[PDB]
Peer 1: 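So that we are looking at the same thing, I have put the structure below in structure tokens.
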Amino acid sequence: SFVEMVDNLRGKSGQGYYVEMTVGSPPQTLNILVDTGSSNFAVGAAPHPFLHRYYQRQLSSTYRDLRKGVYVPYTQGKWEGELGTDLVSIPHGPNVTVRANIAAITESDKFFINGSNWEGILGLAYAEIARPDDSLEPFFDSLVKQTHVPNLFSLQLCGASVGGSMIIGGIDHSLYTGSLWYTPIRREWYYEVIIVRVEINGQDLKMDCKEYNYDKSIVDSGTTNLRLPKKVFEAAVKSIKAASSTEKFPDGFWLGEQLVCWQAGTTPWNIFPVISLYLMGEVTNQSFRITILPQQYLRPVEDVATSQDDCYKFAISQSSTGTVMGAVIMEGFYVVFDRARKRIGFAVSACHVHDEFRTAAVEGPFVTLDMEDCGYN
Ligand SMILES: CC(C)c1cccc(CNC[C@@H](O)[C@@H]2C[C@H](C)CCCCCCCCC(=O)N(C)[C@@H](C)C(=O)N2)c1
């Protein structure tokens with residue numbers, strides 16, 4: 001009965017995707033950000049300027065203090081709080097309740113977003129990257145251990161304000177078209193994968209494939225942009241600039257600072273290239289590719305002034321901690337986090353991104369020799 005979970009996600013562009021949950025007894029309702037790039041389940045538990053509400057431990061008869069502190073420093077943003085446990089349920093999810101670890105956030109810095117509508121975060125990655133250490137069992141692990149929910153979930157993140165689905169315990173076939181293509185989870189900490197080739201408008205970037213995964217490549221719904229290692233970022237930007245060199249953009253645009261606008265409905269999509277990321281496949285010397293359209297990496301932003309022009313931000317940025325296939329990359333694709341079989345699947349989503357003469361795609365099989373050499377050690 002996955003139909004009950006279809007459309008259970010909501011969000012605002014650049015502010016993540018959240019799902020409704022309840023914690024404690026009696027049930028306290030909170031919207032929680034869905035993040036495959038971390039492994040801690042945490043909720044605001046003290047007043048904060050941007051919080052419409054928060055978790056009140058004193059009002060929960062099932063709350064249990066773990067008498068231990070915790071803090072989590074993300075690439076951007078961080079919080080600290082107190083560990084404990086409580087009963088948790090997902091209204092638009094499995095019909096079960098489970099006792100899970102919960103970090104009550106007491107202090108935070110550039111974490112919560114003004115008027116986002118979510119008050120917590122659900123880290124869906126593995127125990128290896130949980131704070132304070134891997135002995136703090138992540139929410140999904142508790143769920144699978146305490147119930148009969150199968151060990152996998154899928155995410156259908158949709159663009160344009162935004163919505164989507166998190167299917168807990170399986171794959172819902174009505175949410176995608178064509179075939180699902182799988183890439184191995186390299187190691188169970190982040191959802192780490194290996195990129196074996198990159199092309200822009202069909203042109204090979206021709207880099208040592210190790211550069212694509214320096215120092216790792218991950219699938220992260222908690223990160224907005226496609227983030228690339230310095231060397232790859234430079235090559236990609238250089239290529240994208242050349243392709244769109246018939247227009248002029250502030251240098252701040254390419255740094256993800258300044259935004260660019262065009263007369264409503266005149267965005268020159270054709271001048272921006274498609275980006276193909278090839279991922280390691282399931283059989284020997286076999287890979288497959290996912291093609292990204294500019295409608296994905298040119299994130300639409302609300303016109304700070306007069307909403308008369310379509311404005312966008314460059315959603316590709318430089319990284320010093322490996323490639324990050326963030327939300328703009330996942331949008332338009334149905335992504336299966338098959339923990340049980342240590343693989344991540346991709347297929348064209350039912351809510352795929354449109355373009356007049358081009359289309360996002362997941363295509364295979366491709367032959368690719370020596371893919372093992374693409375992983376960084
Ligand atoms: C938690 C540990 C394991 C960790 C340390 C370092 C990197 C990572 C990789 N995943 C990062 C991810 O978990 C982390 C999650 C966010 C703070 C959650 C709150 C904001 C969500 C909506 C705005 C997103 C803007 C954005 O792209 N951010 C805010 C990137 C930059 C980022 O950081 N995201 C994990």
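Whatever order the structure lists them in is the order used to number ligands and atoms, beginning at 1. The first residue of the sequence shown is numbered 1, and numbering continues consecutively from there.
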Peer 1: Report yes or no: does a heavy atom of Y190 sit under 4.0 Å from some atom of ligand 1?
Peer 2: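 It does, in that a heavy atom of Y190 comes within the 4.0 Å cut-off of ligand 1.
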Peer 1: Please classify the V324 to ligand 1 contact at 4.0 Å (heavy-atom distances, strictly less than): side chain, backbone, both or neither.
Peer 2: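 No part of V324 is near ligand 1 at this cut-off.
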Peer 1: Can you name the atoms of ligand 1, numbered from 1 with element, that are less than 4.0 Å from a heavy atom of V72?
Peer 2: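 Per the distance check, 1 (C).
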Peer 1: Counting each atom of ligand 1 from 1 as listed, which ones have a heavy atom of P73 under 4.0 Å away?
Peer 2: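 Near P73, meaning under 4.0 Å from one of its heavy atoms, ligand 1 has 5 (C).
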Peer 1: Give the intermediate values and the outcome of side chain to side chain donor-acceptor pair (under 3.5 Å) for residues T291 and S276.
Peer 2: CA-CA 4 Å; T291 293; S276 291; 3.0 Å; yes
Peer 1: Check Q15 against ligand 1 and report side chain, backbone, both or neither, counting heavy atoms closer than 4.0 Å.
Peer 2: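 The part of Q15 near ligand 1 is the backbone, not the side chain.
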Peer 1: Tell me which part of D35 gets within contact of ligand 1: side chain, backbone, both or neither, using heavy atoms under 4.0 Å.
Peer 2: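 Side chain only.
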Peer 1: Show your working on side chain to side chain donor-acceptor pair (under 3.5 Å) between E107 and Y71 and close with a plain yes or no.
Peer 2: CA-CA 9 Å; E107 289 197 12; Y71 70 91; over 6 Å; no
Peer 1: So, are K210 and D208 salt-bridged, with charged N and O less than 4.0 Å apart?
Peer 2: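 No, no charged N to carboxylate O under 4.0 Å.
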Peer 1: Does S39 come within less than 4.0 angstrom of ligand 1, counting non-hydrogen atoms of the residue?
Peer 2: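 Contact absent.
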Peer 1: Which ligand 1 atoms are under 4.0 Å away from a heavy-atom of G37?
Peer 2: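 Numbered from 1, ligand 1 contributes 8 (C), 9 (C), 10 (N), 13 (O), 35 (C).
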Peer 1: In plain terms, say whether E363 and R289 are close enough for a salt bridge, that is, a side-chain N and a carboxylate O under 4.0 Å apart.
Peer 2: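 A salt bridge links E363 with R289.
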Peer 1: Report, in ascending order of atom number, the atoms of ligand 1 lying under 4.0 Å from any heavy atom of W118.
Peer 2: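 Checking each atom against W118, I get 19 (C), 20 (C).
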Peer 1: Hey, which atoms in ligand 1 end up nearer than 4.0 Å to a heavy atom of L33?
Peer 2: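 Near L33, meaning under 4.0 Å from one of its heavy atoms, ligand 1 has 18 (C), 21 (C).
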Peer 1: Applying a heavy-atom cut-off of 4.0 Å, say which part of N225 lies close to ligand 1: side chain, backbone, both or neither.
Peer 2: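 For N225, no heavy atom sits under 4.0 Å from ligand 1.
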Peer 1: Does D220 reach ligand 1, in the sense of a heavy atom lying below 4.0 Å from it?
Peer 2: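 The answer is yes, since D220 has a heavy atom less than 4.0 Å from ligand 1.
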Peer 1: In the structure I gave you, are the side-chain heavy atoms of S165 and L175 within less than 4.5 Å of one another anywhere?
Peer 2: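 SC-SC contact between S165 and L175 confirmed.
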